[PDB]
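Structure file my_file-v5.cif (mmCIF, C-alpha atoms) is printed below.
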data_work
loop_
_atom_site.group_PDB
_atom_site.id
_atom_site.type_symbol
_atom_site.label_atom_id
_atom_site.label_comp_id
_atom_site.auth_asym_id
_atom_site.auth_seq_id
_atom_site.Cartn_x
_atom_site.Cartn_y
_atom_site.Cartn_z
ATOM 1 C CA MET V 1 0.000 0.000 0.000
ATOM 2 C CA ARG V 2 1.282 3.461 -0.895
ATOM 3 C CA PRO V 3 1.955 5.717 2.114
ATOM 4 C CA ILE V 4 -1.152 7.539 3.312
ATOM 5 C CA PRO V 5 -0.526 11.244 4.032
ATOM 6 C CA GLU V 6 -0.891 12.232 7.676
ATOM 7 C CA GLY V 7 -4.341 13.670 8.245
ATOM 8 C CA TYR V 8 -5.687 12.387 4.913
ATOM 9 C CA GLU V 9 -9.451 12.907 5.074
ATOM 10 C CA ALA V 10 -12.371 10.917 3.671
ATOM 11 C CA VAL V 11 -16.035 11.660 4.298
ATOM 12 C CA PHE V 12 -19.362 9.859 4.176
ATOM 13 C CA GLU V 13 -22.594 11.822 4.030
ATOM 14 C CA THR V 14 -26.063 10.381 4.461
ATOM 15 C CA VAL V 15 -29.528 11.198 5.742
ATOM 16 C CA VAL V 16 -30.943 9.282 8.690
ATOM 17 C CA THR V 17 -33.581 6.869 7.407
ATOM 18 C CA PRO V 18 -36.267 5.241 9.609
ATOM 19 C CA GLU V 19 -34.304 1.987 9.389
ATOM 20 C CA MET V 20 -31.309 3.628 11.102
ATOM 21 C CA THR V 21 -32.949 4.187 14.499
ATOM 22 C CA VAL V 22 -32.211 2.140 17.637
ATOM 23 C CA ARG V 23 -34.080 -1.149 17.138
ATOM 24 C CA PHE V 24 -32.953 -4.558 18.406
ATOM 25 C CA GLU V 25 -33.886 -8.171 17.822
ATOM 26 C CA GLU V 26 -35.982 -9.443 20.751
ATOM 27 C CA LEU V 27 -36.362 -5.973 22.299
ATOM 28 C CA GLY V 28 -37.817 -4.093 19.338
ATOM 29 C CA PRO V 29 -37.776 -0.271 18.912
ATOM 30 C CA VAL V 30 -35.877 1.555 21.668
ATOM 31 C CA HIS V 31 -35.030 5.134 20.635
ATOM 32 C CA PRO V 32 -36.238 7.125 17.583
ATOM 33 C CA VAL V 33 -32.744 8.426 16.759
ATOM 34 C CA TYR V 34 -29.678 7.487 14.667
ATOM 35 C CA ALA V 35 -28.276 4.331 16.297
ATOM 36 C CA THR V 36 -24.739 4.049 17.631
ATOM 37 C CA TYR V 37 -24.166 0.865 15.628
ATOM 38 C CA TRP V 38 -25.251 2.643 12.439
ATOM 39 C CA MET V 39 -22.837 5.461 13.258
ATOM 40 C CA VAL V 40 -20.154 2.803 13.685
ATOM 41 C CA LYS V 41 -20.957 1.306 10.281
ATOM 42 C CA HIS V 42 -20.607 4.737 8.696
ATOM 43 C CA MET V 43 -17.377 5.477 10.566
ATOM 44 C CA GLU V 44 -15.956 2.226 9.170
ATOM 45 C CA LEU V 45 -17.154 3.273 5.725
ATOM 46 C CA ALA V 46 -15.478 6.678 5.994
ATOM 47 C CA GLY V 47 -12.328 4.961 7.231
ATOM 48 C CA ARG V 48 -12.307 2.550 4.295
ATOM 49 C CA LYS V 49 -12.481 5.473 1.862
ATOM 50 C CA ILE V 50 -9.140 6.571 3.307
ATOM 51 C CA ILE V 51 -7.319 3.402 2.220
ATOM 52 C CA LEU V 52 -8.900 2.672 -1.173
ATOM 53 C CA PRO V 53 -6.856 5.311 -3.061
ATOM 54 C CA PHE V 54 -3.643 3.743 -1.753
ATOM 55 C CA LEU V 55 -4.269 0.001 -2.043
ATOM 56 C CA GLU V 56 -1.831 -1.710 -4.399
ATOM 57 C CA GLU V 57 -2.476 -4.678 -6.699
ATOM 58 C CA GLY V 58 -4.100 -7.646 -4.984
ATOM 59 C CA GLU V 59 -4.464 -5.837 -1.656
ATOM 60 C CA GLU V 60 -7.561 -5.677 0.523
ATOM 61 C CA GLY V 61 -8.540 -3.989 3.765
ATOM 62 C CA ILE V 62 -10.439 -5.583 6.637
ATOM 63 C CA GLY V 63 -11.978 -3.908 9.671
ATOM 64 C CA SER V 64 -10.151 -4.863 12.860
ATOM 65 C CA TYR V 65 -11.275 -2.370 15.492
ATOM 66 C CA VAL V 66 -13.807 0.367 16.141
ATOM 67 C CA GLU V 67 -14.825 2.560 19.059
ATOM 68 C CA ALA V 68 -17.391 5.327 19.212
ATOM 69 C CA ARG V 69 -18.709 7.673 21.863
ATOM 70 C CA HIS V 70 -22.222 8.950 21.174
ATOM 71 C CA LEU V 71 -22.304 12.598 22.253
ATOM 72 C CA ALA V 72 -25.480 14.012 20.712
ATOM 73 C CA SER V 73 -28.317 12.732 18.535
ATOM 74 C CA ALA V 74 -29.450 12.832 14.917
ATOM 75 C CA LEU V 75 -33.167 12.544 14.186
ATOM 76 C CA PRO V 76 -34.676 10.596 11.279
ATOM 77 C CA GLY V 77 -34.631 12.859 8.226
ATOM 78 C CA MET V 78 -31.523 14.765 9.325
ATOM 79 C CA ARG V 79 -28.365 14.928 7.262
ATOM 80 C CA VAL V 80 -25.310 13.335 8.891
ATOM 81 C CA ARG V 81 -21.670 13.909 7.954
ATOM 82 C CA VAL V 82 -18.944 11.471 9.033
ATOM 83 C CA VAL V 83 -15.323 12.596 8.732
ATOM 84 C CA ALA V 84 -12.436 10.127 9.013
ATOM 85 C CA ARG V 85 -8.816 11.265 9.122
ATOM 86 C CA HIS V 86 -5.683 9.149 8.826
ATOM 87 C CA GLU V 87 -3.911 9.146 12.185
ATOM 88 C CA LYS V 88 -1.026 6.777 11.453
ATOM 89 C CA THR V 89 -0.053 3.490 9.823
ATOM 90 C CA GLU V 90 1.784 0.766 11.778
ATOM 91 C CA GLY V 91 3.005 -2.037 9.555
ATOM 92 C CA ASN V 92 -0.110 -3.264 7.757
ATOM 93 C CA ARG V 93 -2.497 -1.535 10.167
ATOM 94 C CA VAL V 94 -4.154 1.811 9.367
ATOM 95 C CA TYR V 95 -5.441 3.988 12.226
ATOM 96 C CA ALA V 96 -8.108 6.637 11.683
ATOM 97 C CA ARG V 97 -9.847 9.127 13.966
ATOM 98 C CA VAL V 98 -13.463 9.871 13.131
ATOM 99 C CA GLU V 99 -16.061 12.518 13.943
ATOM 100 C CA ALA V 100 -19.762 12.624 13.080
ATOM 101 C CA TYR V 101 -21.998 15.699 12.860
ATOM 102 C CA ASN V 102 -25.745 16.154 12.444
ATOM 103 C CA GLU V 103 -27.546 18.622 10.152
ATOM 104 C CA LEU V 104 -27.374 21.420 12.741
ATOM 105 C CA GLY V 105 -23.614 21.054 13.013
ATOM 106 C CA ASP V 106 -23.697 19.350 16.420
ATOM 107 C CA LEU V 107 -20.861 16.900 17.097
ATOM 108 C CA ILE V 108 -22.809 13.673 17.578
ATOM 109 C CA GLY V 109 -19.910 11.274 17.849
ATOM 110 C CA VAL V 110 -16.176 10.730 18.073
ATOM 111 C CA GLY V 111 -14.365 7.481 17.398
ATOM 112 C CA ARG V 112 -11.409 5.565 16.029
ATOM 113 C CA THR V 113 -10.981 2.630 13.684
ATOM 114 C CA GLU V 114 -8.276 0.153 12.720
ATOM 115 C CA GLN V 115 -8.054 -1.606 9.369
ATOM 116 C CA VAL V 116 -5.605 -4.345 8.429
ATOM 117 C CA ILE V 117 -4.159 -4.516 4.923
ATOM 118 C CA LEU V 118 -3.717 -8.028 3.537
ATOM 119 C CA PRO V 119 -3.437 -9.746 0.144
ATOM 120 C CA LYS V 120 -6.899 -10.631 -1.154
ATOM 121 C CA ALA V 121 -5.614 -14.201 -1.456
ATOM 122 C CA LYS V 122 -4.739 -14.253 2.245
ATOM 123 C CA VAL V 123 -8.205 -12.983 3.179
ATOM 124 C CA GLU V 124 -9.874 -15.616 1.009
ATOM 125 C CA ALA V 125 -7.628 -18.264 2.556
ATOM 126 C CA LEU V 126 -8.706 -17.272 6.068
ATOM 127 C CA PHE V 127 -12.418 -17.493 5.265
ATOM 128 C CA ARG V 128 -11.730 -20.719 3.373
ATOM 129 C CA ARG V 129 -10.038 -22.336 6.371
ATOM 130 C CA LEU V 130 -12.887 -21.322 8.680
ATOM 131 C CA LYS V 131 -15.381 -22.930 6.309
ATOM 132 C CA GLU V 132 -13.365 -26.155 6.236
ATOM 133 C CA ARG V 133 -13.310 -26.359 10.030
ATOM 134 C CA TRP V 134 -17.056 -25.791 10.141
ATOM 135 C CA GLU V 135 -17.689 -28.542 7.585
ATOM 136 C CA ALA V 136 -15.407 -30.843 9.586
ATOM 137 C CA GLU V 137 -18.085 -30.668 12.287
ATOM 138 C CA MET L 1 -31.998 1.679 39.247
ATOM 139 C CA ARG L 2 -31.467 -1.287 41.554
ATOM 140 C CA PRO L 3 -27.764 -2.164 42.013
ATOM 141 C CA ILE L 4 -26.460 -4.588 39.379
ATOM 142 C CA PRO L 5 -24.358 -7.428 40.839
ATOM 143 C CA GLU L 6 -20.697 -7.285 39.879
ATOM 144 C CA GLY L 7 -20.139 -9.798 37.098
ATOM 145 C CA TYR L 8 -23.835 -10.044 36.225
ATOM 146 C CA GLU L 9 -24.110 -11.477 32.706
ATOM 147 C CA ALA L 10 -26.633 -11.246 29.882
ATOM 148 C CA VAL L 11 -26.405 -13.066 26.563
ATOM 149 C CA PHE L 12 -27.679 -12.610 23.032
ATOM 150 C CA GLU L 13 -27.577 -15.445 20.538
ATOM 151 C CA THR L 14 -28.333 -15.420 16.838
ATOM 152 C CA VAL L 15 -27.445 -16.971 13.507
ATOM 153 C CA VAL L 16 -25.421 -14.982 10.999
ATOM 154 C CA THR L 17 -27.588 -14.109 8.004
ATOM 155 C CA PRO L 18 -26.491 -12.773 4.611
ATOM 156 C CA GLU L 19 -27.841 -9.378 5.678
ATOM 157 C CA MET L 20 -25.202 -9.285 8.425
ATOM 158 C CA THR L 21 -22.104 -9.369 6.195
ATOM 159 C CA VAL L 22 -19.798 -6.433 5.407
ATOM 160 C CA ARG L 23 -21.685 -4.255 2.904
ATOM 161 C CA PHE L 24 -21.476 -0.454 2.652
ATOM 162 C CA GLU L 25 -23.457 2.289 0.978
ATOM 163 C CA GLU L 26 -21.624 3.547 -2.130
ATOM 164 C CA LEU L 27 -18.989 0.783 -1.935
ATOM 165 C CA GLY L 28 -21.269 -2.253 -1.924
ATOM 166 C CA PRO L 29 -20.304 -5.808 -0.785
ATOM 167 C CA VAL L 30 -16.849 -6.080 0.801
ATOM 168 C CA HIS L 31 -16.513 -9.272 2.883
ATOM 169 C CA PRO L 32 -18.884 -12.298 3.113
ATOM 170 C CA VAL L 33 -18.632 -12.515 6.909
ATOM 171 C CA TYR L 34 -20.330 -11.219 10.074
ATOM 172 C CA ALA L 35 -19.705 -7.454 10.024
ATOM 173 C CA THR L 36 -18.051 -5.544 12.853
ATOM 174 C CA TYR L 37 -20.919 -3.042 13.003
ATOM 175 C CA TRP L 38 -23.407 -5.908 13.330
ATOM 176 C CA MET L 39 -21.326 -7.374 16.159
ATOM 177 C CA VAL L 40 -21.419 -3.930 17.787
ATOM 178 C CA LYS L 41 -25.206 -3.808 17.488
ATOM 179 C CA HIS L 42 -25.434 -7.176 19.219
ATOM 180 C CA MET L 43 -22.956 -6.189 21.948
ATOM 181 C CA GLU L 44 -25.129 -3.136 22.600
ATOM 182 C CA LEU L 45 -28.105 -5.491 22.720
ATOM 183 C CA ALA L 46 -26.466 -7.849 25.227
ATOM 184 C CA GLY L 47 -25.397 -4.841 27.269
ATOM 185 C CA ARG L 48 -28.946 -3.504 27.424
ATOM 186 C CA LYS L 49 -30.200 -6.889 28.635
ATOM 187 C CA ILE L 50 -27.992 -6.317 31.673
ATOM 188 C CA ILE L 51 -29.776 -3.165 32.845
ATOM 189 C CA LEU L 52 -33.385 -4.024 31.945
ATOM 190 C CA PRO L 53 -33.978 -6.276 35.007
ATOM 191 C CA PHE L 54 -32.789 -3.478 37.297
ATOM 192 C CA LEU L 55 -34.409 -0.351 35.859
ATOM 193 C CA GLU L 56 -36.977 1.142 38.219
ATOM 194 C CA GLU L 57 -40.266 2.639 37.021
ATOM 195 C CA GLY L 58 -39.718 5.721 34.877
ATOM 196 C CA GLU L 59 -36.054 4.975 34.154
ATOM 197 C CA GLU L 60 -34.450 4.438 30.766
ATOM 198 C CA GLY L 61 -31.031 3.526 29.437
ATOM 199 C CA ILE L 62 -29.234 5.077 26.472
ATOM 200 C CA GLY L 63 -26.107 3.871 24.688
ATOM 201 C CA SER L 64 -23.131 6.159 25.276
ATOM 202 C CA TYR L 65 -20.020 4.232 24.250
ATOM 203 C CA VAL L 66 -19.087 1.107 22.297
ATOM 204 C CA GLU L 67 -15.734 -0.470 21.504
ATOM 205 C CA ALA L 68 -14.982 -3.713 19.675
ATOM 206 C CA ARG L 69 -11.931 -5.559 18.394
ATOM 207 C CA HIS L 70 -12.764 -8.140 15.732
ATOM 208 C CA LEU L 71 -10.503 -11.145 16.365
ATOM 209 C CA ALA L 72 -12.054 -13.925 14.290
ATOM 210 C CA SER L 73 -14.823 -14.429 11.751
ATOM 211 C CA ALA L 74 -18.319 -15.899 11.748
ATOM 212 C CA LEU L 75 -19.743 -17.237 8.480
ATOM 213 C CA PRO L 76 -23.367 -16.863 7.348
ATOM 214 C CA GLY L 77 -25.381 -19.700 8.872
ATOM 215 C CA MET L 78 -23.135 -19.967 11.937
ATOM 216 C CA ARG L 79 -24.496 -19.434 15.423
ATOM 217 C CA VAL L 80 -23.007 -16.537 17.383
ATOM 218 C CA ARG L 81 -23.222 -15.853 21.111
ATOM 219 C CA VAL L 82 -22.533 -12.455 22.642
ATOM 220 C CA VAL L 83 -21.846 -12.258 26.371
ATOM 221 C CA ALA L 84 -22.049 -8.972 28.269
ATOM 222 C CA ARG L 85 -20.747 -8.708 31.825
ATOM 223 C CA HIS L 86 -21.403 -5.897 34.272
ATOM 224 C CA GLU L 87 -18.044 -4.445 35.274
ATOM 225 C CA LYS L 88 -19.166 -1.505 37.397
ATOM 226 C CA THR L 89 -21.652 1.331 37.772
ATOM 227 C CA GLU L 90 -20.466 4.864 38.504
ATOM 228 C CA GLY L 91 -23.171 7.416 39.117
ATOM 229 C CA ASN L 92 -25.687 6.899 36.324
ATOM 230 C CA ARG L 93 -23.169 5.209 34.017
ATOM 231 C CA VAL L 94 -23.114 1.427 33.589
ATOM 232 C CA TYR L 95 -19.883 -0.176 32.342
ATOM 233 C CA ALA L 96 -19.944 -3.595 30.691
ATOM 234 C CA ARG L 97 -17.379 -5.914 29.115
ATOM 235 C CA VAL L 98 -18.388 -7.916 26.045
ATOM 236 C CA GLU L 99 -17.077 -11.043 24.323
ATOM 237 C CA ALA L 100 -18.501 -12.879 21.321
ATOM 238 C CA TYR L 101 -18.038 -16.423 20.047
ATOM 239 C CA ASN L 102 -18.886 -18.237 16.837
ATOM 240 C CA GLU L 103 -20.403 -21.717 16.544
ATOM 241 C CA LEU L 104 -16.979 -23.380 16.671
ATOM 242 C CA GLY L 105 -16.257 -21.673 19.972
ATOM 243 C CA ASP L 106 -13.714 -19.234 18.531
ATOM 244 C CA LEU L 107 -13.482 -15.872 20.272
ATOM 245 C CA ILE L 108 -14.572 -13.574 17.442
ATOM 246 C CA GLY L 109 -14.639 -10.302 19.340
ATOM 247 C CA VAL L 110 -14.033 -8.460 22.595
ATOM 248 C CA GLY L 111 -15.189 -5.011 23.636
ATOM 249 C CA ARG L 112 -16.853 -2.738 26.170
ATOM 250 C CA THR L 113 -19.921 -0.539 26.351
ATOM 251 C CA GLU L 114 -21.182 2.320 28.470
ATOM 252 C CA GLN L 115 -24.842 3.134 29.050
ATOM 253 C CA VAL L 116 -26.318 6.147 30.804
ATOM 254 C CA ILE L 117 -29.393 5.762 33.006
ATOM 255 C CA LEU L 118 -31.864 8.661 32.921
ATOM 256 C CA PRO L 119 -35.572 9.313 33.524
ATOM 257 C CA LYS L 120 -37.594 8.522 30.399
ATOM 258 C CA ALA L 121 -38.939 12.071 30.664
ATOM 259 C CA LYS L 122 -35.407 13.463 30.444
ATOM 260 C CA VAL L 123 -34.631 11.355 27.378
ATOM 261 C CA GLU L 124 -37.811 12.508 25.642
ATOM 262 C CA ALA L 125 -36.999 16.117 26.552
ATOM 263 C CA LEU L 126 -33.543 15.809 24.988
ATOM 264 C CA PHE L 127 -34.953 14.501 21.713
ATOM 265 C CA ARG L 128 -37.702 17.132 21.820
ATOM 266 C CA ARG L 129 -35.239 19.994 22.271
ATOM 267 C CA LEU L 130 -33.263 18.721 19.285
ATOM 268 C CA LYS L 131 -36.374 18.617 17.110
ATOM 269 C CA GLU L 132 -37.366 22.147 18.160
ATOM 270 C CA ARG L 133 -33.911 23.405 17.149
ATOM 271 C CA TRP L 134 -34.256 21.671 13.784
ATOM 272 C CA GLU L 135 -37.696 23.236 13.264
ATOM 273 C CA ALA L 136 -36.197 26.631 14.144
ATOM 274 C CA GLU L 137 -34.241 26.447 10.886
ATOM 275 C CA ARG L 138 -37.591 27.016 9.149
#
Is it possible to give me this structure as structure tokens?
Amino acid sequence: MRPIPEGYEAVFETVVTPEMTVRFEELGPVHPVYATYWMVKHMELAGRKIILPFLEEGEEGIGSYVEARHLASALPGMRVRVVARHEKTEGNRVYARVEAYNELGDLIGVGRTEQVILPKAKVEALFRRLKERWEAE
Amino acid sequence: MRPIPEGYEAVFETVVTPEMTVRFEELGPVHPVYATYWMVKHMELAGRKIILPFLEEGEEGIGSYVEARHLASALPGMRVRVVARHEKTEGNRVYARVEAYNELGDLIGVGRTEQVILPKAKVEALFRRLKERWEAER
């Protein structure tokens, strides 16, 4: 992977849909606002946009870690902007800091993600081996 | 809220479905395995099951923090079990540790969550204030 510039920024913009509110299996609807786990999905997405421009032939990125602190809320129908910035790269691991804002400009979340860069063949091999073990059962 | 016993555990079990694999807006399908954000959703779910039995009338819990390290994979069709454990409660903040396993028993993820306990009226007021501010733009 080519070296990612320090502070390289990638963004993901969306609008909170009804399907993005806090709703769990078993428990059902909980809160009529943008869910933390949806924010996490979008933070991972913004983080992935940081590495795509730099991936070399046969390389792939896989999510390895995520953390997010939910500071404020975003209501259904509101625009949401997620901004990921390259913090550093250690070996084959890319670190990014992320921030999310709602339509009114409120900071609704802060987080960090880690992505591991591996040959697509290696990734396929890992999933392949897991499948074999499962079949062996 | 009634005091939660130290080490109190709650579990959530499910089967990985195709809808739970790594797939993003704009980018599309990425990896055919249980997604980290889906694991996070389920860790939040297990964590909430910890406070529900202790919430007193009028109280509510809201997710405040989530953290997860994805160690191994879970394939579609595999059973997954998420275990949340009450670590401690400070003020109105409940701290829980979480660990997840796939059908083969592999540790697929470890993390932590934080939930804030507040009166349902307070929660509704917070969402209401936000909506009033949004309306104020028009």
Problem - Selection result for the PyMOL selection byres ((chain V) within 7 of (chain L)) on this file, as JSON, numbers by chain - result: {"V": [24, 37, 40, 41, 45, 64, 65, 66, 67, 68, 69, 70, 104, 134]}
Problem - Between atom CA of residue 94 of chain V and atom CA of residue 3 of chain V, distance in Å (one decimal) - result: 10.3 Å
Handout entry: Near-segment 5-8 of chain V list (12 Å; only C-alpha atoms; drop same-chain fewer than 3 positions) as a PyMOL selection string
Key = chain V and resi 1-2+11+46-54+83-89+94-98
Let me see the file: selected residues, C-alpha atoms, as a tab-separated table (two decimals), keeping the file's coordinate frame.
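This went into selection_7.tsv:
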chain	number	residue	atom	x	y	z
V	1	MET	CA	0.00	0.00	0.00
V	2	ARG	CA	1.28	3.46	-0.90
V	11	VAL	CA	-16.04	11.66	4.30
V	46	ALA	CA	-15.48	6.68	5.99
V	47	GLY	CA	-12.33	4.96	7.23
V	48	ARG	CA	-12.31	2.55	4.30
V	49	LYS	CA	-12.48	5.47	1.86
V	50	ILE	CA	-9.14	6.57	3.31
V	51	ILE	CA	-7.32	3.40	2.22
V	52	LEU	CA	-8.90	2.67	-1.17
V	53	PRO	CA	-6.86	5.31	-3.06
V	54	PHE	CA	-3.64	3.74	-1.75
V	83	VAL	CA	-15.32	12.60	8.73
V	84	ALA	CA	-12.44	10.13	9.01
V	85	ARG	CA	-8.82	11.26	9.12
V	86	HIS	CA	-5.68	9.15	8.83
V	87	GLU	CA	-3.91	9.15	12.18
V	88	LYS	CA	-1.03	6.78	11.45
V	89	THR	CA	-0.05	3.49	9.82
V	94	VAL	CA	-4.15	1.81	9.37
V	95	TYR	CA	-5.44	3.99	12.23
V	96	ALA	CA	-8.11	6.64	11.68
V	97	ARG	CA	-9.85	9.13	13.97
V	98	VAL	CA	-13.46	9.87	13.13
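Atom CA of residue 26 of chain V lies 29.0 Å from atom CA of residue 137 of chain V.
When atom CA of residue 59 of chain L is paired with atom CA of residue 118 of chain L, their separation reads 5.7 Å.
Minimum atom-to-atom distances from V:118, V:27, V:42, V:101 to residue 52 of chain L were compared using all atoms listed in the file, and the lowest value belongs to V:27.
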Listed atoms of segment 5-23 of chain V, axis-aligned box, 5 Å per side: centre and edge lengths to one decimal in Å, as JSON?
{"center_x": -18.4, "center_y": 6.3, "center_z": 10.7, "size_x": 45.7, "size_y": 24.8, "size_z": 24.0}
Practice task
Anything within 10 Å of (-0.7, -4.4, -5.5): list those residues as a PyMOL selection string, counting only C-alpha atoms and sticking to the file's coordinates.
Solution key: chain V and resi 1-2+54-60+119-120
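Close to (-35.8, 4.5, 35.7), meaning no more than 7 Å away when counting all atoms listed in the file, sit the residues residues 1, 55, 56, 57, 58, 59, 60, 118, 119 and 120 of chain L.
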